[PDB]
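Coming up is one lone chain in structure tokens, specifically the form deposited in one PDB entry.
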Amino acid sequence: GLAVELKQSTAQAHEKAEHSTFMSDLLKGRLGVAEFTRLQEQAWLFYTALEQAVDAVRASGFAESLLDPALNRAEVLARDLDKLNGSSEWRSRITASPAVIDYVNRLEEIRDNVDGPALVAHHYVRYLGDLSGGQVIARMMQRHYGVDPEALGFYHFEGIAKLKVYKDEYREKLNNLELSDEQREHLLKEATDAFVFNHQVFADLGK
């Protein structure tokens, strides 16, 4: 099944992502609200691009049931940033890091080429992450740094009642997605690329 193969093919990349110095220090309480805010600013950039690609692919008629609009984060994230930054000034202030430029470039290639299988790979890596370790991240931003949960809306999925149930549903959708042999190979390859982009985002954030 695709869901298992995806999890296995990306296991090494997941571990490397999880143990990046920036993410490691952030989660262990060794940084601060400021760094979490820098992370969320960069995320707003790549989620904006991700969700444009999602919009394109869904509109094209591919992976429709997987591409649940309830997952959209860009507007929720903008409200978090308004809270974290104390105004909407950040919008005209933020600059993409070199890793984010590469990530956004890939996502815009996917969008404009309407590369459905690639988009699914990117969707899995980000959204299943948010529904998973993202829950731990939100808890630890509050506990380590006193971030108000009003500024952690990113990690809350309105009108998803049960996260584990949702993820099992998601994995079943992956398993039933019709793919040619090369589309499947491409999806798997792109999933590891997606993890590597995130690794590079964290590396730039650590400096």
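The term rigid core refers to the most C-alpha atoms you can superpose between the two forms while keeping them within 1.5 Å. Each residue number is its position in the shown sequence, starting from 1.
The discussion below concerns the form deposited in another entry, not included here.
With the core held fixed, residue 20 shows a CA shift of 2 Å or greater between the shown form and the other one.
Relative to the displayed conformation, the Cα-Cα distance from residue 101 to residue 18 shrinks by 3 Å or more in the other entry. In the other entry, the Cα positions of residue 43 and residue 15 lie at least 3 Å farther from each other than in the form displayed.
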